[PDB]
Every structure is written in C-alpha cells, then in structure tokens.
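In the block that follows, a single chain appears as structure tokens, in the form deposited in one PDB entry.
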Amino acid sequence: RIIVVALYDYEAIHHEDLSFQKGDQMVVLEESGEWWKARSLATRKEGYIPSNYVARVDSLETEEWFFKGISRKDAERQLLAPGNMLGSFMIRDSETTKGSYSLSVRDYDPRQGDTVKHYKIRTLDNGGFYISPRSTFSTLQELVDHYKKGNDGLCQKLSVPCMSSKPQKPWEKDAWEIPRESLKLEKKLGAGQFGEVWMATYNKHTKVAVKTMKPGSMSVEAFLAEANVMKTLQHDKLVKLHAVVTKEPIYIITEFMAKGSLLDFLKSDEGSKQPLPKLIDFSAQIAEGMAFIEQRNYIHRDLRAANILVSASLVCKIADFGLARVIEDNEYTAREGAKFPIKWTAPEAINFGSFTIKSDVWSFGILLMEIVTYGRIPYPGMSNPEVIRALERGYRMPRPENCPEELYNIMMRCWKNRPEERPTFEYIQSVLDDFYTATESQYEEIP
C-alpha cells in the first residue's frame, strides 16, 4: 500500500488516462518512468497518471512553498523572475547538508538591488527544525508561519511562496519512433543548410518543434544509434528530445522554444535590451548544460549562439548536441556549402579533425563574445584565412565595450592554443554561477 495525492489540474490527453481537479487522492499500483499506474478512490476511474503532477502523501511536496529537486542556483533564478515580491520564498532540499533543508528569500537593498538570501534550516536530533537556536519548530509549516509574522532576524518577513507553473506533461509512453503522419507541420520557424525547423502538433494534442532533415543528409541506422544516446542527455539546460521519425527524410521532435535561438533573441527588440547581469546569467546557464555534457563524456561539436534556444521564461537550452557527427559528407550535402564555421572552431579541430570537449570549450569562449556583443559576427572585418593566421600568432579578439574584465579573462582561458590548457566546464560553471556573489558567504549567519 503506497498512497499518493495529486497536485495540479490535468485531464486525459491520451486514451486511457484519468483527470485531476487540483487535488485528489491515489494509490499507485506500479511505476513506469514519468508515467505511473495508479488506482483512484475518488471518482473510481483508473488510468495512467503523470508522476510529476502528484506528490507523496506524508512528504513536503504537497506544500506550495516546497520546491523538490531544484538547485540553489535554480532557486535564485526562480525567485528573481518577474511576478515575485519582496519576501517571496521557498524551502528546498539542502545542497551542502544531505537530509536537511534551506530557506531562500527574495531581498532588496539600494546597494545590491534584487538578491536572494539563503538560510540553513537545521534538524533537531529528536525531531523538529530551527534556523536560530532560540526559535525551534515541530514542523516546517510552523517555521514558515513564524517567519511570515515577522522577520525575527531574517532579511525580510516571509510573504508568499515563489511563483511556479504546472510542469510540462510527460511525453506519451512508448512513443520514441513515431509515424510521420502523427505530425502536422503548422509554421516554418527556420531554414538551414541541411534541414528546416517547424512548429507542429503531435496527434492533435501536443505542441512541438520538428527539425526536418534534408534528403541525403543522414542515414537512419547511424542517426538512430546516436539519437538513442542524445535522448538520455536529460538536463534542464539541454533541449529535450521527445521522438524521431526514422525514415528518410528524418524528423527530430523536441520541445518547442518560444523565443527561438539565443542569436535570434539577442538580435530582437526584447533581447537587445537584456542587461549585462542577465547576459552573464545566460552564459552561466549554458555553462551548466555544457558541464553536464562534459560529465557525461559527450561532445557537442557545434556550440554557438545559433544552437542555443531560449524559452518563453528566458531559460537557455543547448540544442543540436552531437548532431554534426551524423550529418553525412556526400554529393547531396556538399552542394549546400560549409559544414562548420572556421570562426567558432578550435584550431586542432580545423587542422586535424580533433573534436573533443576541449574544442567545445574554445567554442564556448566564442559564444561568450557573441553574447556580450548581442550577436555580432566573431572577428569583425577579418576573413577566414586572416583569423586562422592571426590566432597562430597569438591574436585573440580584444575585449569589447561593456564587457567585465573577468568575463574576458574566462574567454582568454577558453582560447588557449593547447587544448589541455583550457579550463573544464565544471570550472567555468563555478566562476559564472558565482560571478557577482564571489567574496560573499554562502548562507546568512543569522543570530
């Protein structure tokens, strides 16, 4: 007997699903990835349910102010998003103390502007919680109610929980290789050398993006072998692969991203107005996704701003990871021109075909420059031969206007001519995540 309660409003989209009215009760039979077999005791109809729409009945996951499964950096981004107020807050699982909790609170002061402060919630040996020893609580709900009545040493009195939206519904079960007829291509979003991108509807019920590869560009068996790896690369800063059509012309079906590529966005009316700290946050989000790719011993091979997508809520997601590996070189693709751009590519990849996570690090440095110039071509005024010969002699793009010196220093480290001298993405992620909050304590040492 394992009982679970619903969280959001969800109704059947497939055949044998159920329905949710923002609060019901369930007993799960078995599990199956993101979909679970559960039995209803409310309406007494039984069908599959999205596991991320429900919560374990004893746990904190029912509470509007608890955010399971998010990082400290996630927490800061979520709280600083528009729509939240002074004292907006969340409780989350602690990142540096397993089993315990952290409180994150939106703060403001005229010197530092909008910030998020973090507090350690300690667990008592015989039950209960505290932030300061003089104020203990039997439950986290009691803690929240206490600090909603007055700051009692915190930066702010707690106001309301961090805003959140209903999560994406999981992709249909057992629907990896799908029939072409299941997709209606609705609007062409982009055209390219080796394919197009469409907004589409899957089985009349789900909005997706579809990359449609040109005939002659890829083999089904070679593509599928790689796509079966790509689909396992799941991370908040990588675009999710939902499905594929494994017949030429090959289609790749992913989540739809409302603001297109980061290059498009930086060149748009809205994106050209992002302030420098937001640009640095974009850079950090991409570094986080590349650190994941690095941890997974994978190689992107074509990292550039045109291959970063931007969501409606301004989350950056890495796209086309690994795809260059399975685009074929033949008479069909040759007639479309250059396979990779010289200006983004590491010298050892150009000269010897040595593509590695370190050549991705080089490309990331070029991407940083694209970001801080809002989409300018790399090496303005220079031809491709000129760039190659200049790099050989120690030339690097100079620091542009409105570029923090430490960001430029990161670029220069990425552009070491020897690959082994370039930093890891783990390193880059750390420096960019902490770019402004360096020389500042992790947690607030409350009395």
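Position 1 is the first residue in the sequence shown; the rest follow in order. Take the two forms, find the largest set of C-alpha atoms that superpose within 1.5 Å, and that set is the rigid core.
For the cut-off of one third of the other compared entries, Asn330 qualifies: that many or more give it no coordinates while modelling its flanks.
Annotation: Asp125 belongs to the positions left without coordinates in at least a third of the other compared entries, with flanking residues modelled.
The mean C-alpha temperature factor is higher for 3 to 11 when 3 to 11 and 438 to 446 are set side by side. The stretch with the higher mean CA B factor, choosing between 253 to 261 and 128 to 136, is 128 to 136. Comparing the C-alpha B-factors of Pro378, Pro404, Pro400, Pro50 in the entry, the top value falls on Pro50. Per the deposited record, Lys98 carries the highest C-alpha B-factor of all listed residues (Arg304, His146, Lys98, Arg301).
Residue-level temperature factors show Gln285 in the lowest third of its chain, judged at the C-alpha atom. For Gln112, the recorded CA temperature factor ranks within the highest third of the chain's modelled residues. Among all modelled residues in this chain, the alpha-carbon of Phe425 has a temperature factor (C-alpha) in the lowest third. Among all modelled residues in its chain, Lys45 ranks in the highest third by Cα B-factor. The PDB entry assigns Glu331 a C-alpha temperature factor belonging to the middle third of its chain's modelled residues.
There is another form of this protein, the form deposited in another entry, and it is not shown here; the text below is about that form.
Looking at CA displacements between the shown form and the other one with the core superposed, a shift of 2 Å or more is confined, among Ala38, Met397, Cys414, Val54, to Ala38.
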